[PDB]
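For reference, upload13.cif (mmCIF, N, CA and C atoms and all ligand atoms):
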```
data_model
loop_
_atom_site.label_atom_id
_atom_site.label_comp_id
_atom_site.auth_asym_id
_atom_site.auth_seq_id
_atom_site.Cartn_x
_atom_site.Cartn_y
_atom_site.Cartn_z
N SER A 1 0.84 -1.21 0.00
CA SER A 1 0.00 0.00 0.00
C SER A 1 0.87 1.26 0.00
N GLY A 2 0.27 2.42 -0.29
CA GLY A 2 0.97 3.69 -0.26
C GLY A 2 0.44 4.67 -1.28
N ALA A 3 0.68 5.92 -1.04
CA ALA A 3 0.18 6.96 -1.95
C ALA A 3 1.15 8.11 -2.00
N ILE A 4 1.01 8.95 -3.03
CA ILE A 4 1.70 10.25 -3.12
C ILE A 4 0.68 11.30 -2.75
N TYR A 5 1.05 12.24 -1.87
CA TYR A 5 0.16 13.33 -1.46
C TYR A 5 0.77 14.64 -1.91
N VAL A 6 0.35 15.17 -3.05
CA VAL A 6 0.84 16.41 -3.64
C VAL A 6 -0.31 17.39 -3.80
N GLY A 7 -0.18 18.61 -3.28
CA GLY A 7 -1.29 19.57 -3.38
C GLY A 7 -2.56 19.00 -2.75
N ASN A 8 -3.68 19.11 -3.48
CA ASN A 8 -4.93 18.48 -3.03
C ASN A 8 -5.22 17.22 -3.84
N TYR A 9 -4.18 16.45 -4.12
CA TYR A 9 -4.32 15.19 -4.84
C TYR A 9 -3.72 14.04 -4.04
N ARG A 10 -4.32 12.86 -4.20
CA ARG A 10 -3.81 11.59 -3.67
C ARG A 10 -3.62 10.67 -4.87
N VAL A 11 -2.38 10.21 -5.10
CA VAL A 11 -2.05 9.32 -6.25
C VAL A 11 -1.83 7.93 -5.70
N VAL A 12 -2.62 6.97 -6.20
CA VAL A 12 -2.54 5.57 -5.72
C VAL A 12 -2.53 4.63 -6.88
N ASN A 13 -2.16 3.36 -6.62
CA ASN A 13 -2.29 2.34 -7.67
C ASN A 13 -3.81 2.19 -7.93
N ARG A 14 -4.18 2.16 -9.22
CA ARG A 14 -5.63 2.05 -9.54
C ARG A 14 -6.21 0.77 -8.91
N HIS A 15 -5.42 -0.32 -8.89
CA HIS A 15 -5.96 -1.57 -8.37
C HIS A 15 -6.19 -1.58 -6.85
N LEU A 16 -5.61 -0.61 -6.12
CA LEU A 16 -5.77 -0.45 -4.66
C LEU A 16 -6.68 0.70 -4.27
N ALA A 17 -7.29 1.40 -5.27
CA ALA A 17 -8.15 2.53 -4.95
C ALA A 17 -9.35 2.13 -4.10
N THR A 18 -9.69 2.99 -3.14
CA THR A 18 -10.84 2.72 -2.23
C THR A 18 -12.14 3.31 -2.80
N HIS A 19 -13.31 3.03 -2.16
CA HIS A 19 -14.55 3.64 -2.57
C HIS A 19 -14.45 5.15 -2.46
N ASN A 20 -13.80 5.67 -1.38
CA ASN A 20 -13.68 7.12 -1.26
C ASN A 20 -12.86 7.71 -2.42
N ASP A 21 -11.80 6.98 -2.88
CA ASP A 21 -11.06 7.45 -4.05
C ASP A 21 -11.96 7.54 -5.30
N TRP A 22 -12.74 6.49 -5.56
CA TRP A 22 -13.65 6.49 -6.73
C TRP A 22 -14.75 7.56 -6.60
N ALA A 23 -15.20 7.85 -5.37
CA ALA A 23 -16.25 8.85 -5.18
C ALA A 23 -15.71 10.28 -5.26
N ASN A 24 -14.36 10.45 -5.25
CA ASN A 24 -13.72 11.79 -5.32
C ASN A 24 -12.67 11.76 -6.46
N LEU A 25 -13.02 11.14 -7.56
CA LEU A 25 -12.08 10.85 -8.63
C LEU A 25 -11.70 12.07 -9.44
N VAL A 26 -10.40 12.23 -9.72
CA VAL A 26 -9.89 13.27 -10.61
C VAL A 26 -9.53 12.64 -11.97
N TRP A 27 -8.78 11.51 -11.96
CA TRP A 27 -8.31 10.90 -13.21
C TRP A 27 -7.91 9.48 -12.94
N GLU A 28 -8.12 8.57 -13.89
CA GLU A 28 -7.65 7.20 -13.74
C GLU A 28 -7.25 6.64 -15.09
N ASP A 29 -6.29 5.71 -15.10
CA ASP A 29 -5.84 5.10 -16.35
C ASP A 29 -5.41 3.67 -16.06
N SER A 30 -6.22 2.70 -16.52
CA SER A 30 -5.95 1.30 -16.25
C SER A 30 -4.64 0.83 -16.94
N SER A 31 -4.32 1.38 -18.12
CA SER A 31 -3.07 1.00 -18.79
C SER A 31 -1.82 1.39 -18.04
N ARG A 32 -1.91 2.38 -17.14
CA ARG A 32 -0.79 2.84 -16.30
C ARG A 32 -0.87 2.34 -14.85
N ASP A 33 -1.98 1.70 -14.45
CA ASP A 33 -2.24 1.33 -13.07
C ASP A 33 -2.26 2.53 -12.12
N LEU A 34 -2.81 3.67 -12.59
CA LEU A 34 -2.82 4.87 -11.73
C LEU A 34 -4.24 5.41 -11.54
N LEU A 35 -4.48 5.99 -10.38
CA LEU A 35 -5.73 6.72 -10.09
C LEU A 35 -5.37 7.86 -9.18
N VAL A 36 -6.02 9.01 -9.42
CA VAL A 36 -5.83 10.22 -8.60
C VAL A 36 -7.16 10.67 -8.08
N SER A 37 -7.26 10.90 -6.78
CA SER A 37 -8.46 11.44 -6.15
C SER A 37 -8.15 12.76 -5.47
N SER A 38 -9.21 13.51 -5.12
CA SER A 38 -9.02 14.82 -4.48
C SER A 38 -9.01 14.66 -2.96
N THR A 39 -8.27 15.57 -2.27
CA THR A 39 -8.15 15.52 -0.81
C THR A 39 -8.57 16.85 -0.19
N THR A 40 -9.02 16.79 1.07
CA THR A 40 -9.38 18.00 1.79
C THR A 40 -8.11 18.71 2.28
N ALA A 41 -7.16 17.94 2.82
CA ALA A 41 -5.91 18.50 3.34
C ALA A 41 -4.82 18.57 2.25
N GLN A 42 -3.91 19.54 2.32
CA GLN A 42 -2.78 19.67 1.38
C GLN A 42 -1.67 18.72 1.78
N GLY A 43 -1.06 18.09 0.78
CA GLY A 43 0.05 17.17 0.99
C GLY A 43 1.41 17.82 0.91
N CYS A 44 2.44 17.02 1.29
CA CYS A 44 3.83 17.52 1.39
C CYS A 44 4.79 16.97 0.35
N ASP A 45 4.38 15.99 -0.45
CA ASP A 45 5.25 15.45 -1.47
C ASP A 45 5.36 16.44 -2.63
N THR A 46 6.49 16.49 -3.25
CA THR A 46 6.70 17.27 -4.50
C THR A 46 7.08 16.30 -5.62
N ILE A 47 6.61 16.57 -6.83
CA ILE A 47 6.88 15.69 -7.95
C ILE A 47 8.18 16.10 -8.66
N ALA A 48 9.03 15.14 -8.99
CA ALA A 48 10.25 15.36 -9.76
C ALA A 48 9.87 15.69 -11.22
N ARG A 49 10.62 16.66 -11.81
CA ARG A 49 10.41 17.07 -13.20
C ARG A 49 11.81 16.99 -13.81
N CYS A 50 12.17 15.78 -14.25
CA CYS A 50 13.54 15.43 -14.65
C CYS A 50 13.55 14.15 -15.49
N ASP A 51 14.84 13.76 -15.89
CA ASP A 51 15.08 12.53 -16.65
C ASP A 51 15.99 11.57 -15.85
N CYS A 52 16.00 11.66 -14.49
CA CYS A 52 16.81 10.72 -13.68
C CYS A 52 16.47 9.29 -13.97
N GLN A 53 17.50 8.46 -13.92
CA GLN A 53 17.42 6.98 -14.04
C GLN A 53 18.03 6.30 -12.85
N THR A 54 18.35 7.06 -11.77
CA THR A 54 18.80 6.53 -10.50
C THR A 54 17.97 7.20 -9.38
N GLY A 55 17.66 6.42 -8.36
CA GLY A 55 16.86 6.95 -7.26
C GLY A 55 16.80 5.93 -6.15
N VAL A 56 15.80 6.10 -5.25
CA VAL A 56 15.64 5.24 -4.09
C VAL A 56 14.16 4.87 -3.97
N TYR A 57 13.84 3.62 -3.68
CA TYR A 57 12.42 3.28 -3.46
C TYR A 57 12.19 2.62 -2.11
N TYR A 58 10.96 2.73 -1.60
CA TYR A 58 10.58 2.07 -0.35
C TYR A 58 9.95 0.71 -0.60
N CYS A 59 10.50 -0.28 0.08
CA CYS A 59 10.06 -1.69 0.00
C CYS A 59 9.44 -2.10 1.34
N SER A 60 8.11 -2.16 1.43
CA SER A 60 7.44 -2.47 2.72
C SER A 60 7.71 -3.89 3.21
N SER A 61 7.95 -4.84 2.28
CA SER A 61 8.24 -6.22 2.67
C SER A 61 9.67 -6.43 3.19
N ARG A 62 10.47 -5.35 3.24
CA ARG A 62 11.80 -5.35 3.88
C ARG A 62 11.91 -4.22 4.91
N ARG A 63 10.93 -3.32 5.02
CA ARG A 63 11.05 -2.09 5.85
C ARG A 63 12.33 -1.33 5.49
N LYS A 64 12.62 -1.20 4.21
CA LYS A 64 13.88 -0.59 3.80
C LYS A 64 13.72 0.20 2.55
N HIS A 65 14.53 1.25 2.42
CA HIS A 65 14.69 2.03 1.20
C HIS A 65 15.93 1.54 0.48
N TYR A 66 15.81 1.26 -0.82
CA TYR A 66 16.92 0.74 -1.62
C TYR A 66 17.27 1.68 -2.75
N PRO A 67 18.56 1.92 -2.96
CA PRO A 67 18.98 2.66 -4.18
C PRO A 67 18.85 1.79 -5.42
N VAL A 68 18.37 2.33 -6.48
CA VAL A 68 18.18 1.56 -7.74
C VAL A 68 18.51 2.38 -8.95
N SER A 69 18.93 1.67 -10.02
CA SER A 69 18.96 2.17 -11.40
C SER A 69 17.69 1.67 -12.10
N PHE A 70 16.99 2.50 -12.84
CA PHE A 70 15.73 2.10 -13.45
C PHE A 70 15.65 2.53 -14.90
N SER A 71 14.90 1.79 -15.70
CA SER A 71 14.75 2.10 -17.13
C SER A 71 13.86 3.32 -17.37
N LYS A 72 13.90 3.87 -18.56
CA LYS A 72 13.02 4.98 -18.92
C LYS A 72 11.56 4.49 -19.05
N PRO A 73 10.56 5.34 -18.83
CA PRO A 73 9.16 4.88 -18.92
C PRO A 73 8.86 4.27 -20.28
N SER A 74 8.27 3.09 -20.29
CA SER A 74 8.09 2.32 -21.53
C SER A 74 6.83 1.48 -21.45
N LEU A 75 6.52 0.82 -22.59
CA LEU A 75 5.38 -0.08 -22.71
C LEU A 75 5.95 -1.50 -22.52
N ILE A 76 5.63 -2.14 -21.40
CA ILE A 76 6.18 -3.43 -20.97
C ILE A 76 5.08 -4.46 -20.78
N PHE A 77 5.32 -5.71 -21.21
CA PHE A 77 4.35 -6.77 -21.01
C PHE A 77 4.48 -7.26 -19.58
N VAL A 78 3.37 -7.25 -18.83
CA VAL A 78 3.36 -7.67 -17.44
C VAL A 78 2.48 -8.93 -17.33
N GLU A 79 2.96 -9.92 -16.56
CA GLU A 79 2.22 -11.16 -16.38
C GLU A 79 0.94 -10.95 -15.61
N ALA A 80 0.00 -11.90 -15.76
CA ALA A 80 -1.27 -11.88 -15.04
C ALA A 80 -1.05 -11.87 -13.56
N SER A 81 -1.91 -11.10 -12.86
CA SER A 81 -1.85 -11.04 -11.41
C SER A 81 -3.30 -11.23 -10.90
N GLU A 82 -3.52 -10.96 -9.59
CA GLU A 82 -4.87 -11.00 -9.03
C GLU A 82 -5.71 -9.81 -9.58
N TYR A 83 -5.05 -8.74 -10.07
CA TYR A 83 -5.77 -7.50 -10.45
C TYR A 83 -5.87 -7.20 -11.93
N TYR A 84 -4.98 -7.79 -12.74
CA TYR A 84 -5.03 -7.56 -14.19
C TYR A 84 -4.67 -8.86 -14.91
N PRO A 85 -5.21 -9.06 -16.11
CA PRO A 85 -4.73 -10.18 -16.95
C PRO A 85 -3.33 -9.83 -17.47
N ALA A 86 -2.64 -10.78 -18.12
CA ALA A 86 -1.33 -10.48 -18.73
C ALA A 86 -1.63 -9.43 -19.85
N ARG A 87 -0.88 -8.32 -19.88
CA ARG A 87 -1.19 -7.23 -20.79
C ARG A 87 0.05 -6.32 -20.88
N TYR A 88 -0.01 -5.31 -21.75
CA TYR A 88 1.01 -4.29 -21.79
C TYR A 88 0.62 -3.14 -20.86
N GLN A 89 1.55 -2.74 -19.97
CA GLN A 89 1.37 -1.60 -19.07
C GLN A 89 2.25 -0.47 -19.62
N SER A 90 1.70 0.74 -19.70
CA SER A 90 2.43 1.87 -20.24
C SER A 90 3.05 2.71 -19.11
N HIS A 91 4.06 3.54 -19.50
CA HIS A 91 4.75 4.46 -18.60
C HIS A 91 5.35 3.70 -17.41
N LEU A 92 5.84 2.50 -17.63
CA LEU A 92 6.40 1.64 -16.58
C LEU A 92 7.92 1.66 -16.68
N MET A 93 8.61 1.69 -15.52
CA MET A 93 10.09 1.68 -15.43
C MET A 93 10.48 0.45 -14.63
N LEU A 94 11.49 -0.30 -15.07
CA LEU A 94 11.91 -1.50 -14.36
C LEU A 94 13.26 -1.33 -13.68
N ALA A 95 13.44 -2.01 -12.56
CA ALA A 95 14.73 -2.03 -11.84
C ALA A 95 14.91 -3.43 -11.24
N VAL A 96 16.16 -3.72 -10.82
CA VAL A 96 16.43 -4.93 -10.09
C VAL A 96 16.23 -4.60 -8.58
N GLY A 97 15.32 -5.33 -7.97
CA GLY A 97 15.02 -5.08 -6.56
C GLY A 97 13.94 -6.00 -6.11
N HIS A 98 13.85 -6.14 -4.76
CA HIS A 98 12.84 -6.98 -4.19
C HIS A 98 11.47 -6.33 -4.20
N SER A 99 10.48 -7.05 -4.57
CA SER A 99 9.15 -6.68 -4.46
C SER A 99 8.24 -7.89 -4.24
N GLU A 100 7.07 -7.65 -3.60
CA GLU A 100 5.94 -8.56 -3.35
C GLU A 100 4.66 -7.78 -3.62
N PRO A 101 3.53 -8.44 -3.88
CA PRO A 101 2.33 -7.69 -4.32
C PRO A 101 1.93 -6.50 -3.43
N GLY A 102 1.98 -6.66 -2.11
CA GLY A 102 1.65 -5.62 -1.14
C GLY A 102 2.67 -4.48 -1.06
N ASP A 103 3.80 -4.59 -1.78
CA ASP A 103 4.75 -3.47 -1.89
C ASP A 103 4.25 -2.35 -2.83
N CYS A 104 3.18 -2.62 -3.62
CA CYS A 104 2.63 -1.56 -4.49
C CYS A 104 2.27 -0.34 -3.66
N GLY A 105 2.62 0.83 -4.18
CA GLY A 105 2.36 2.10 -3.53
C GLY A 105 3.60 2.73 -2.92
N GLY A 106 4.67 1.94 -2.72
CA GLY A 106 5.91 2.51 -2.19
C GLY A 106 6.48 3.56 -3.15
N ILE A 107 7.01 4.65 -2.61
CA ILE A 107 7.52 5.72 -3.49
C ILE A 107 8.91 5.44 -4.00
N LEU A 108 9.13 5.78 -5.28
CA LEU A 108 10.44 5.91 -5.90
C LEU A 108 10.72 7.43 -5.96
N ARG A 109 11.90 7.86 -5.55
CA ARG A 109 12.27 9.30 -5.55
C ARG A 109 13.69 9.47 -6.00
N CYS A 110 13.96 10.67 -6.49
CA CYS A 110 15.33 11.07 -6.94
C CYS A 110 15.64 12.37 -6.24
N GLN A 111 16.82 12.96 -6.61
CA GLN A 111 17.17 14.23 -6.01
C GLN A 111 16.15 15.36 -6.23
N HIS A 112 15.29 15.26 -7.24
CA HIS A 112 14.30 16.31 -7.58
C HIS A 112 12.92 16.15 -6.92
N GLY A 113 12.64 14.96 -6.36
CA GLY A 113 11.34 14.72 -5.76
C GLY A 113 10.82 13.31 -6.09
N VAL A 114 9.48 13.15 -6.00
CA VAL A 114 8.86 11.82 -6.26
C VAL A 114 8.80 11.53 -7.75
N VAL A 115 9.23 10.35 -8.15
CA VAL A 115 9.30 9.90 -9.51
C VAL A 115 8.10 9.04 -9.87
N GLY A 116 7.70 8.14 -8.96
CA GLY A 116 6.58 7.24 -9.24
C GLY A 116 6.33 6.32 -8.05
N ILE A 117 5.51 5.29 -8.24
CA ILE A 117 5.16 4.34 -7.17
C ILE A 117 5.34 2.93 -7.66
N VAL A 118 5.66 2.00 -6.76
CA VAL A 118 5.75 0.58 -7.11
C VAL A 118 4.39 0.12 -7.67
N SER A 119 4.43 -0.60 -8.80
CA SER A 119 3.23 -1.11 -9.47
C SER A 119 3.36 -2.57 -9.86
N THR A 120 4.58 -3.10 -10.14
CA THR A 120 4.67 -4.50 -10.60
C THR A 120 5.88 -5.14 -9.90
N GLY A 121 6.00 -6.46 -10.02
CA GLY A 121 7.17 -7.14 -9.50
C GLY A 121 7.25 -8.60 -9.87
N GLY A 122 8.32 -9.21 -9.36
CA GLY A 122 8.57 -10.65 -9.45
C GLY A 122 10.03 -10.91 -9.79
N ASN A 123 10.58 -12.05 -9.29
CA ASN A 123 11.92 -12.59 -9.52
C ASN A 123 13.11 -11.59 -9.51
N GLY A 124 13.18 -10.78 -8.47
CA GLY A 124 14.26 -9.84 -8.33
C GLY A 124 14.06 -8.63 -9.22
N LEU A 125 12.84 -8.40 -9.79
CA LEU A 125 12.53 -7.13 -10.52
C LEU A 125 11.44 -6.36 -9.77
N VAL A 126 11.49 -5.05 -9.89
CA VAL A 126 10.43 -4.16 -9.37
C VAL A 126 10.09 -3.17 -10.50
N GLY A 127 8.80 -2.92 -10.73
CA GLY A 127 8.37 -1.96 -11.74
C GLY A 127 7.67 -0.79 -11.08
N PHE A 128 7.91 0.39 -11.61
CA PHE A 128 7.34 1.65 -11.06
C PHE A 128 6.51 2.37 -12.10
N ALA A 129 5.31 2.80 -11.69
CA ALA A 129 4.48 3.65 -12.55
C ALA A 129 5.02 5.07 -12.48
N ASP A 130 5.50 5.63 -13.60
CA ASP A 130 6.01 7.00 -13.61
C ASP A 130 4.87 8.00 -13.44
N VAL A 131 5.17 9.12 -12.75
CA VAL A 131 4.23 10.24 -12.65
C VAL A 131 4.84 11.56 -13.12
N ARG A 132 6.09 11.56 -13.61
CA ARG A 132 6.79 12.81 -13.94
C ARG A 132 6.18 13.56 -15.11
N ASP A 133 5.43 12.87 -16.00
CA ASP A 133 4.79 13.55 -17.12
C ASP A 133 3.46 14.20 -16.75
N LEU A 134 2.91 13.94 -15.55
CA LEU A 134 1.58 14.44 -15.14
C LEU A 134 1.74 15.83 -14.56
N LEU A 135 1.94 16.81 -15.45
CA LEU A 135 2.29 18.17 -15.01
C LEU A 135 1.20 18.84 -14.21
N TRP A 136 -0.06 18.45 -14.49
CA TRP A 136 -1.20 19.02 -13.79
C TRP A 136 -1.21 18.71 -12.30
N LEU A 137 -0.46 17.70 -11.83
CA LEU A 137 -0.39 17.46 -10.37
C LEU A 137 0.15 18.66 -9.61
N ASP A 138 0.89 19.56 -10.30
CA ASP A 138 1.51 20.72 -9.63
C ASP A 138 0.62 21.94 -9.54
N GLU A 139 -0.63 21.87 -10.04
CA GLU A 139 -1.52 23.04 -10.02
C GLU A 139 -2.93 22.69 -9.55
N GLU A 140 -3.70 23.69 -9.10
CA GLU A 140 -5.06 23.45 -8.60
C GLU A 140 -6.00 22.94 -9.69
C1 LIG B 1 4.50 -5.75 -6.59
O1 LIG B 1 4.20 -6.71 -7.61
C2 LIG B 1 4.58 -8.01 -7.42
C3 LIG B 1 5.78 -8.41 -6.84
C4 LIG B 1 6.17 -9.74 -6.91
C5 LIG B 1 5.40 -10.67 -7.59
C6 LIG B 1 5.77 -12.12 -7.67
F1 LIG B 1 6.27 -12.47 -8.87
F2 LIG B 1 6.64 -12.49 -6.75
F3 LIG B 1 4.71 -12.90 -7.56
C7 LIG B 1 4.20 -10.25 -8.14
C8 LIG B 1 3.76 -8.95 -8.03
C9 LIG B 1 2.34 -8.60 -8.42
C10 LIG B 1 2.30 -7.65 -9.60
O2 LIG B 1 3.16 -7.66 -10.47
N1 LIG B 1 1.28 -6.77 -9.61
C11 LIG B 1 0.32 -6.62 -8.50
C12 LIG B 1 -1.09 -6.49 -9.01
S1 LIG B 1 -1.27 -5.11 -10.16
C13 LIG B 1 -0.07 -5.72 -11.38
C14 LIG B 1 0.01 -4.70 -12.50
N2 LIG B 1 0.27 -3.42 -12.24
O3 LIG B 1 -0.24 -5.15 -13.63
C15 LIG B 1 1.27 -5.77 -10.67
ZN ZN B 2 15.46 13.64 -10.72
#
```
Can you give me the file's structure in the form of structure tokens?
Amino acid sequence: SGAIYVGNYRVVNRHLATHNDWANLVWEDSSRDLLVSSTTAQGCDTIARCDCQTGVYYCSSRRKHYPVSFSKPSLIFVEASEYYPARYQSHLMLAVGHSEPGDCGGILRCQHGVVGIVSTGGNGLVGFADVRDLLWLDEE
């Protein structure tokens, strides 16, 4: 689990969105595994606006933050899970790192701010849904 809290937005994995998220929906995209809902309180996260390929992510199944090198956002074939059939996921970045299904939502960050959230995994790989192209997260 986990979310990004920027401005009056909450960014979560679409497959983990709650009823309150769907009832206060701003934007969702199943091909990216992302959903954004509106919040009453202002958040403290800032979004990175860069081309970094190195950063750090939070892994809840280890209680640890790990430094990683990650690929540029791309269209990647992801195997079937409990939440999606095997399909192509867009704007996904891959790295070598530990992940388990409940690690989705952990933040990936670089020197400029939040880059994305854990969305996929398996066999020593972790995939992150990028948010750096969503420029509207920075404005009301
Ligand atoms: C954090 O992800 C995992 C991590 C490890 C493994 C394992 F291979 F060990 F079974 C499997 C996963 C699950 C997975 O890839 N999912 C979770 C459901 S939503 C799906 C997607 N965004 O298409 C991504
Ligand atoms: Zn950066």
Nearest candidate to residue 123 in chain A (options A:104, A:35, A:56, A:96; using all atoms listed in the file):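 Looking only at the distances to residue 123 in chain A, the closest residue turns out to be A:96.
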Among the residues A:91, A:72, A:49, A:63, the one that comes closest to residue 34 in chain A [using only C-alpha atoms]: A:91
Using only N, CA and C atoms and all ligand atoms, I'd like a table of the residues in chain A that come within 7 Å of ligand LIG 1 (chain B); for each, show the closest atom pair and its distance in Å rounded to one decimal, ordered by chain and ascending number, as CSV.
```
residue,atom,partner,partner_atom,distance
A:15,CA,B:LIG1,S1,6.1
A:32,C,B:LIG1,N2,6.4
A:33,CA,B:LIG1,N2,5.4
A:78,CA,B:LIG1,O3,5.8
A:79,C,B:LIG1,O3,6.2
A:80,C,B:LIG1,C13,6.6
A:81,CA,B:LIG1,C12,5.2
A:82,N,B:LIG1,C12,5.1
A:83,N,B:LIG1,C12,4.7
A:84,N,B:LIG1,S1,5.3
A:85,N,B:LIG1,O3,6.8
A:89,CA,B:LIG1,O3,6.7
A:98,C,B:LIG1,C3,6.6
A:99,C,B:LIG1,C3,3.6
A:100,C,B:LIG1,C3,3.5
A:101,CA,B:LIG1,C1,3.7
A:102,N,B:LIG1,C1,5.2
A:103,N,B:LIG1,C1,5.0
A:104,N,B:LIG1,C1,4.5
A:118,C,B:LIG1,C1,6.0
A:119,C,B:LIG1,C15,3.9
A:120,C,B:LIG1,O1,3.2
A:121,N,B:LIG1,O1,3.0
A:122,CA,B:LIG1,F1,3.0
A:123,N,B:LIG1,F1,4.4
A:124,N,B:LIG1,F2,7.0
A:125,C,B:LIG1,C3,6.7
A:126,CA,B:LIG1,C1,6.7
A:127,N,B:LIG1,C1,6.6
```
Nearby residues, ligand ZN 2 (chain B), 6.5 Å, all atoms listed in the file, as a VMD selection string: chain A and resid 48 to 53 110 to 113
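In this model, the gap between CA of residue 60 in chain A and CA of residue 114 in chain A comes to 16.9 Å.
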All strand (DSSP E or B) residues (DSSP, backbone) inside chain A, as a ChimeraX atom specification: /A:4-6,9-13,25-29,34-38,47,54-59,64-69,74-78,87-96,107-110,113-122,125-130
A:41, A:97, A:47, A:117 ranked by distance to residue 66 in chain A, top pick (using only N, CA and C atoms): A:97
In range 14-123 of chain A, DSSP alpha helix (DSSP H) residues written as a list in words: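 For range 14-123 of chain A, the alpha helix (DSSP H) set is residues 19, 20, 21, 22 and 23 of chain A.
Going from atom N of residue 130 in chain A over to atom N of residue 94 in chain A, you cover 8.6 Å.
Atom pair CA of residue 57 in chain A / CA of residue 16 in chain A has a distance of 18.6 Å (rounded to one decimal).
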Who sits within 8 Å of residue 58 in chain A, only C-alpha atoms, same chain under 5 positions skipped, as a PyMOL selection string: chain A and resi 63-66+106-108
Keeping N, CA and C atoms for every residue in the selection just given, could you write it to a file as a PDB file, in the frame of the given file?
```pdb
ATOM      1  N   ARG A  63      10.930  -3.320   5.020  1.00  0.00           N
ATOM      2  CA  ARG A  63      11.050  -2.090   5.850  1.00  0.00           C
ATOM      3  C   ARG A  63      12.330  -1.330   5.490  1.00  0.00           C
ATOM      4  N   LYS A  64      12.620  -1.200   4.210  1.00  0.00           N
ATOM      5  CA  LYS A  64      13.880  -0.590   3.800  1.00  0.00           C
ATOM      6  C   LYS A  64      13.720   0.200   2.550  1.00  0.00           C
ATOM      7  N   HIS A  65      14.530   1.250   2.420  1.00  0.00           N
ATOM      8  CA  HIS A  65      14.690   2.030   1.200  1.00  0.00           C
ATOM      9  C   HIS A  65      15.930   1.540   0.480  1.00  0.00           C
ATOM     10  N   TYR A  66      15.810   1.260  -0.820  1.00  0.00           N
ATOM     11  CA  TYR A  66      16.920   0.740  -1.620  1.00  0.00           C
ATOM     12  C   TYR A  66      17.270   1.680  -2.750  1.00  0.00           C
ATOM     13  N   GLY A 106       4.670   1.940  -2.720  1.00  0.00           N
ATOM     14  CA  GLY A 106       5.910   2.510  -2.190  1.00  0.00           C
ATOM     15  C   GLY A 106       6.480   3.560  -3.150  1.00  0.00           C
ATOM     16  N   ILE A 107       7.010   4.650  -2.610  1.00  0.00           N
ATOM     17  CA  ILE A 107       7.520   5.720  -3.490  1.00  0.00           C
ATOM     18  C   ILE A 107       8.910   5.440  -4.000  1.00  0.00           C
ATOM     19  N   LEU A 108       9.130   5.780  -5.280  1.00  0.00           N
ATOM     20  CA  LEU A 108      10.440   5.910  -5.900  1.00  0.00           C
ATOM     21  C   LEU A 108      10.720   7.430  -5.960  1.00  0.00           C
TER      22      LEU A 108
END
```
Completion step: range 22-32 of chain A with N, CA, C and O atoms as a CSV table (one decimal), in the frame of the given file:
```
chain,number,residue,atom,x,y,z
A,22,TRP,N,-12.7,6.5,-5.6
A,22,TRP,CA,-13.6,6.5,-6.7
A,22,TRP,C,-14.8,7.6,-6.6
A,22,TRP,O,-15.1,8.1,-7.6
A,23,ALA,N,-15.2,7.8,-5.4
A,23,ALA,CA,-16.2,8.8,-5.2
A,23,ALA,C,-15.7,10.3,-5.3
A,23,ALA,O,-16.5,11.2,-5.3
A,24,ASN,N,-14.4,10.4,-5.2
A,24,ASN,CA,-13.7,11.8,-5.3
A,24,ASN,C,-12.7,11.8,-6.5
A,24,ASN,O,-11.6,12.3,-6.3
A,25,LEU,N,-13.0,11.1,-7.6
A,25,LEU,CA,-12.1,10.8,-8.6
A,25,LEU,C,-11.7,12.1,-9.4
A,25,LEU,O,-12.6,12.9,-9.8
A,26,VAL,N,-10.4,12.2,-9.7
A,26,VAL,CA,-9.9,13.3,-10.6
A,26,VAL,C,-9.5,12.6,-12.0
A,26,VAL,O,-9.9,13.2,-13.0
A,27,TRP,N,-8.8,11.5,-12.0
A,27,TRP,CA,-8.3,10.9,-13.2
A,27,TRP,C,-7.9,9.5,-12.9
A,27,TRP,O,-7.4,9.2,-11.8
A,28,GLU,N,-8.1,8.6,-13.9
A,28,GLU,CA,-7.6,7.2,-13.7
A,28,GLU,C,-7.2,6.6,-15.1
A,28,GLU,O,-7.9,7.0,-16.1
A,29,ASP,N,-6.3,5.7,-15.1
A,29,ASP,CA,-5.8,5.1,-16.4
A,29,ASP,C,-5.4,3.7,-16.1
A,29,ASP,O,-4.4,3.4,-15.4
A,30,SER,N,-6.2,2.7,-16.5
A,30,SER,CA,-6.0,1.3,-16.2
A,30,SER,C,-4.6,0.8,-16.9
A,30,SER,O,-3.9,0.1,-16.3
A,31,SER,N,-4.3,1.4,-18.1
A,31,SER,CA,-3.1,1.0,-18.8
A,31,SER,C,-1.8,1.4,-18.0
A,31,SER,O,-0.8,0.8,-18.2
A,32,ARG,N,-1.9,2.4,-17.1
A,32,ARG,CA,-0.8,2.8,-16.3
A,32,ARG,C,-0.9,2.3,-14.8
A,32,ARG,O,0.0,2.6,-14.1
```
